[PDB]
Amino acid sequence: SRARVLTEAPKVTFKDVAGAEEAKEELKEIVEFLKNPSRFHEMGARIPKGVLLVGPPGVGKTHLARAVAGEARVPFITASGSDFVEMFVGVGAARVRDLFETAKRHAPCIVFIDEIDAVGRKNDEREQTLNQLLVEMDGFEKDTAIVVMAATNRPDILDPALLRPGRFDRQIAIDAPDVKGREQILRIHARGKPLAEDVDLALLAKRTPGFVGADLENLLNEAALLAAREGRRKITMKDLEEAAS
């Protein structure tokens, strides 16, 4: 059967992501290869092919691979490795085959395989899907500037094939935001939400080690309800304390 993906030109930029500046830099190469693939091949350039983002969930990996496509003003085709193995029959591959057929038509372009763990989680239905992914990537022509991006949190349980040179031979770490990072996140979400002067974001940021982007959201969104519940209007450092419980 057909592949069925989601093509779209992202307007998102790096300036639209809190932290991950370390990872952003590495990606700066991916962005310029997409902008001028010609130049790269001309020179002895690295020429990326598979960028595997590694980090905890809700850390904003998918959100970053999107800022990459936008940063280069290039298309961002998405797909779900889950959809590939989900449907049985010789479909699994036939779809992966399509995904890059639609990709070659929009190259340069970032192809994002979501839940690649479903595809390369080191039971024959997968193997067939995985194998095709290596043939497509190992079969990328110079005029085909497709940079396949995927995310995960277990590059160790991932079939060594996908990681071998020529495929996803480039891992970037997207860790939980640092004190400052969390601070930025909390401020961004706090603006559309009321707060009492007693609420100290800086403190909240330093007091939330381990919280992911989507975690600092709850804390705020949740504290809002906890206060709105007591006929209160603003979020007090007190409600934020009760939410973390």
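Counting starts with 1 at the first residue shown.
For this deposited structure, the header notes the method as X-ray crystallography, 3.2 Å.
Note: Cβ is positioned from N, Cα and C throughout, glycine not excepted.
Now, the feature entries from Swiss-Prot:
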- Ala18, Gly58, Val59, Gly60, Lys61, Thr62, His63: ATP binding site (BINDING)
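Structure with Swiss-Prot features highlighted.
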{"residue": "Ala18", "record": "ATP binding site", "Cβ contacts under 8 Å, 6 or more apart": "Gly60, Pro177, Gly181, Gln184, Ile185, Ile188, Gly213"}
{"residue": "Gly58", "record": "ATP binding site", "Cβ contacts under 8 Å, 6 or more apart": "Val212, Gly213, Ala214, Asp215"}
{"residue": "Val59", "record": "ATP binding site", "Cβ contacts under 8 Å, 6 or more apart": "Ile174, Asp175, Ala176, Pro177, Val212, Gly213"}
{"residue": "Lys61", "record": "ATP binding site", "Cβ contacts under 8 Å, 6 or more apart": "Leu53, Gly55, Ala151, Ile174"}
{"residue": "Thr62", "record": "ATP binding site", "Cβ contacts under 8 Å, 6 or more apart": "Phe112, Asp114, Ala151"}
{"residue": "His63", "record": "ATP binding site", "Cβ contacts under 8 Å, 6 or more apart": "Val12, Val17"}
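All chains included, 25 other C-beta atoms sit within 10 angstroms of the C-beta of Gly60 (ATP binding site).
The maximum pairwise C-alpha distance among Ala18, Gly58, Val59, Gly60, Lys61, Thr62, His63, the residues recorded as binding ATP, is 14 Å. Gap in the deposited chain: 8 residues are missing between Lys122 and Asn123, whose Cα atoms are separated by 10 Å. The ATP site, placed at the center of the C-beta atoms of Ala18, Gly58, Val59, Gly60, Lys61, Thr62, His63, has further neighbours from the same chain whose C-beta lies within 8 angstroms: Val17, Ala20, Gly55, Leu64, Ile174, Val212, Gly213.
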